[PDB]
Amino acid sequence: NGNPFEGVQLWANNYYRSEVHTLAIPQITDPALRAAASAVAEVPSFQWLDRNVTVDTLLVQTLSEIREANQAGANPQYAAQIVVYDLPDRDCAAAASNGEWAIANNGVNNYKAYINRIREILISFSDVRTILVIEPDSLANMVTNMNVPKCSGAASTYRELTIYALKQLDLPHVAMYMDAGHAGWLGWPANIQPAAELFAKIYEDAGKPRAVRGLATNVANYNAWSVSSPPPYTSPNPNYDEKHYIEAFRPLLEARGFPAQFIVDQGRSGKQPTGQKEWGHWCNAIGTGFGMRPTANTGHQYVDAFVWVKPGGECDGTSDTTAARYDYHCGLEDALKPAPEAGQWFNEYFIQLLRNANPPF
């Protein structure tokens, strides 16, 4: 029943800090941008377990640092924020963030082992409050993208592995939030009921694990929490921001046995409207800014926290048309270019986010 974001400070991980200080700052001479970059490096965004190698290295290192700070007397205690993101046939409706594992090459077994190892590590660090986002985009793709061969082919696997993860990571010091797309994906009137059906059924089939707190929205996207008028690209969706989406979604979930609490990514939501020409333009969108800083003080009963899940500056996908992971969304007129591989540092993007930051740095 506890909000896992209440009574703790959020740990800012050293990986994002290191990117900003070793890659970004040496390329930013401008005094104000340099000072702003140093400040954003300290905003506590989620750390992503995007490859298996990170489990026994980066995850352990962060948890070990938090343990040490808390043992020294940190008040409030620090909590960790981790994304689980390595399903086989990952990112099934796009090319940009295809992952290391494939269902056709022992991916299911590889993933179960990854989840088992994460469980063992979280058990060993049961003294550290841990908040998890489970597999961005996965279930949202199962709602709207069964017409995509990679997604339809992965659906049964996604379902089995999601339930596996929810049960295995159901630990006394863990809070989990399943990814649930965003207002412009699942919040469309035609998608929102089948979305609620799917998430509630997964929840029931997982045995309603205690550690499942709810859902995460807007991960790696740009939507407003709350604006007074719909951005043009949102019409005619009545759920044109995350507040509308959540207020519509929660009753439908609760009626199906899943009284989900929410966290909302605001890391790239500071400038509204954005420069997106169409709402479905997700890749390195121009006209965006760093948004509201992580906090549990949301003013909304259904929202545990505003968070930064996607770390701004880390690319959404390459704009190189010859690359294996080239996705046409990343070559569009409203995608910033040239852009490196997904997850790699995109310094010009980082600068855009600093310039447009609201609140400013």
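So that there is no doubt, residue numbering starts at 1 and follows the sequence shown.
Looking at mean Cα B-factors across 113-121 and 147-155, the upper value is held by 147-155. Across the residues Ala220, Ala79, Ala72, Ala216, the deposited record lists the maximum Cα B factor for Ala72. If you compare the C-alpha temperature factors of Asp170, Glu242, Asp265, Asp179 in the entry, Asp179 comes out highest. Sorting the modelled residues of the chain by their CA temperature factor places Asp30 in the highest third. Among the modelled residues of its chain, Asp320 has a C-alpha B-factor that falls in the middle third according to the deposited record. For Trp308, the recorded CA temperature factor ranks within the middle third of the chain's modelled residues. When all modelled residues of the chain are sorted by CA temperature factor, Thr288 is found within the middle third.
Ranked within its chain, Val8 lands in the highest third, by CA B factor from the PDB record.
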